[PDB]
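A single chain, nothing else alongside it, follows as C-alpha cells in the form deposited in one PDB entry.
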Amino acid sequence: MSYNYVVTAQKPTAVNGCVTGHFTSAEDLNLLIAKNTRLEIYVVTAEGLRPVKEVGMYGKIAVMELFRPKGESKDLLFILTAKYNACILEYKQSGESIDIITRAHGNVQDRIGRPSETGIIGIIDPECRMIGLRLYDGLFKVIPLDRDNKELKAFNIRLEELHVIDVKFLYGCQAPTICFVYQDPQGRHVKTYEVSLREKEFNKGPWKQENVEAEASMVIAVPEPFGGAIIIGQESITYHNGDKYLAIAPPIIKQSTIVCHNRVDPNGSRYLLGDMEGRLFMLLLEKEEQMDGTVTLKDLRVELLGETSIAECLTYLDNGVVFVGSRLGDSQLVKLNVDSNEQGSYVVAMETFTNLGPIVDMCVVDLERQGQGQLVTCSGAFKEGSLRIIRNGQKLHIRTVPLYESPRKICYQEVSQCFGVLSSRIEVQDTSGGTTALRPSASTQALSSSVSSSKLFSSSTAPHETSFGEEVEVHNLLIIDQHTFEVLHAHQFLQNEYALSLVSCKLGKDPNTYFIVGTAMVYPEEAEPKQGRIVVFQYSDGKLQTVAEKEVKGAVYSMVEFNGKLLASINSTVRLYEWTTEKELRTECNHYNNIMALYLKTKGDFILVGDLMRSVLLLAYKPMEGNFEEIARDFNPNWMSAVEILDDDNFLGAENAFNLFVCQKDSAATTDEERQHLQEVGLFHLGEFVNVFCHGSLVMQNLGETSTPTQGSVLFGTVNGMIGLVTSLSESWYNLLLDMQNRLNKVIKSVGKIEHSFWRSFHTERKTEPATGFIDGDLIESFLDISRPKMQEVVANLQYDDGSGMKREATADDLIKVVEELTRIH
C-alpha cells in the first residue's frame, strides 16, 4: 500500500458564480462570490467590498441562489453541489461570533438519469414556493419550499423536451411558470409550462411556443412591470410575452458570443450583457405607457459601455459599481459613468482581484539563486493570458506579466537567462484573404521576430477553404527575459501548425543548449492530426535560429529529455531519438501500445506514459538492447489530465473527473503478471482539474529547516487557479493522521452537513469508491483553528505507533505542534 498527503498552497481563485442580496442582515447589501468549493461573503460599501466571512464546503458549488420566503426577515442561501448535495443556509451572528446554519440538507440524486449537456440548472420561484432543478435529461425536479421539508425531499415531473438549453421562472404569472429554450431536430424553440405542486405535474403554459435563433443561449426572466422573457443568442436578442414579440439584431453583438447577463434596474428597464472578448453592453428596455394605464415594451436597444475582463458572472452592486467575476482572467470592480471618457468608454477599472486563471503549464525556477524556488505559471486565456511569478513571503507574492494571448507551455533555459513560452493568438479572416488580430499581443510586440519558412508540408494539394470572419489560432514560441520579463523574440509557426510541446536541453555530445518544440498540423477536416514537426531552435545573441527539423506522422503531444536523447510521443507512438554529430535527429526505438500518448515523464531509464483512456504505463529503456520494454500498466480505465512520478515504485495521476490516484508496482515477483500489473493504491477526489504536475517547493530553504515528516514535493496547477502539493508519508505517520481525520470529522461541523468521507470519495459518473492512501491535509491543518474543547475531544484515546514508544497517548498540545510543522511544507 502507499501513503500520501495532499494540501492546498493557493485556494481556487477563478470566480464560478456571484449573487447579490440581503443575506447577513435584512439591512446590508451583500455580495456572495463562489469559487470552487469556497464561499466568500462581502458587504457592499461606497468604496468597495468589506469582507465578513468565508467558508469552505465539502463539494463543488454548482448552484448558488438567494431567496427570502414569506416570514423570514432576511435572505436564505440555497447551494447545490456537483455530487448532488442540496442545502439551505442561514447567516447568524452573535456579537463577534459568526456562524453558518444548515437549515435543511439532502441529496437530490436519482438512481437512473442522464446528466444534462448544459449542466445543472437551478432556479427559484419569485414567490419562493419551490426550487427548480434540471439535473437529468427529460426530467424536471421540484423541491417544494414548505416549512416541513427540512430533508429537501423532491419529486420529478416528466419533461417531453429532452435537450434543454436554459430555463427560468417567470414573473407575473397566476401559477409558478417556467420559460425555457430547448433543442429538437427542427431547431430551437421557446416554450412555457405551469408547475402544480398539488398535482405534481406540468399544465399548459401561459404562452405559445415560438421558434427562436439556432444558437439561443440564455433566458432572462423580465420583472413585473414588463413581464415575459428575453432570449439572448449569437446574432439577436428577442422579447417574448404572449402576443408581444420584439427582435433586435445589432451587428455589434454578432462579433463575440454573449455569455453573461445581469439586471441593473429592479423594474427590468436595464440589463447588463457581457461577451467572450470582454466587452460590456447595456441592454435597454424602452417603455411605452398606454392611456389604459398599462405599461408595455416598446423597443430594445443595445449600447456598448466598454471593456472588462472576460466574465463568467456579472453582478451590479450599487451606484455605478459592477463586480466582474472572471474565470479566465482577473476579476474586477469597475465603475460605470454617465459621461464617456476621451476614448469613448464609460467603464473605468477600480480594483483588480488576482485570478491565477487556468494554469495550463508551470515550472519551478530559483531565479535569485535563493535555494527557495519561484513558480512561473502559464495563466489565463485570450486577452487575460499572463505569466505569473509566485514566491512565498504569511501570504504569497504574485507578479503578473500581461501577454494578451493564450500561454500554452513554459520551460526555463538558464544558459540564456530567459524562458521559452508557447502561445497562441486569435486572428480572424479579413477581406485581404489573410487574417487580422483583434488586439496586439506578446507575439506581435516582440523585440525581434521570425516566421517559419519550412517546406515540409508545402506540397499540400489538400484544399482548406476560408470564409471571412472565421477564427484561426496563430502559434508562437516566445523568448522572455528572466529579470525584465520582456518579450525578446517571437517565432511564428506555420499556418495551421499548433505548438504542443516544449523542452530546453542539451542533446548527445552537442554542447549547445536548444529550445525544442513539437507541433501538429491540424486541419478542421481531420479527426486526429496526421502531420507534425519536431523543431530544434537555438536562442543566441537575441535571435532564434532553426538548427534542425524532424517530420513526424502525427502530433508531438509531449517531449522529454532522456539521458541526452529526445523522448517524444507522436499520437499512439512513443519514440526515442538520438542527436547525431550532424545535428539531426535519428530514431533509436519505438513503443506503440498506446491509444494516445498525451503525457510523458522520466526517472532514470524509466518512463511513465499517460494515455487518453488507458491510464498510465510504466515503460523502461533497456540500453543493452536499444529498445523499450513494458514494465507495468494500470489496466483500470481512466481519462488522464496529468501524470507524475513520485519515486521508483509509486506513480501519480489525475482524472478528468477531478480525481487523483496513485499506482504502484505490485512488487510480487511470483508471476510475471503481478509485476506487469500496476495496482491503484491511492484514490482521492481533489475537486480540481489538474493540468500540470511539477516537482519542487516554494518554501524557503536556509538548510536550517527541520526535516518534516513529509518526504518529497510535487506541486500541481489547476484550471480554477488552485495550487496544491502532494507528498509522501511513512506508514506510521499516515495512520496517525488518518485516525486523526476520523476524529476530526466527528468534531468539525460541515456547512450543509456534507460528510467529509463522501466528499473525498473517488467519483465518476459510473463509480464511487472510498478514498484511500491520501490524507486530506486541509482537514488536518484545520485542527489548529478549532476551539480548545474540541481539540481535547479529538485527542481523547489517541495512540501513536511504530515510534520510540510503541503506544503513546496524544495530548492537545502535542498535536498542535505536529500540525504546525505540517503547515511549514508550503
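Position 1 is the first residue in the sequence shown; the rest follow in order. For the two forms, the rigid core is made up of the largest set of C-alpha atoms that agree within 1.5 Å on superposition.
Just so you know, the form deposited in another entry exists too; it's not on screen, but the next bit is about it.
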Comparing forms between the shown form and the other one after core superposition, the one residue of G71, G344, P463, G293 displaced by 2 Å or more at CA: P463
Residue shift check between the shown form and the other one, rigid core fit, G542 Cα at least 2 Å: no
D802 C-alpha moves between the shown form and the other one by 2 Å or more, core aligned: yes
Yes/no, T706 Cα shift of 2 Å or more between the shown form and the other one with rigid core fixed: yes
Note on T706-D785 C-alpha separation in the other entry, which departs from the shown form by 3 angstroms or more: farther
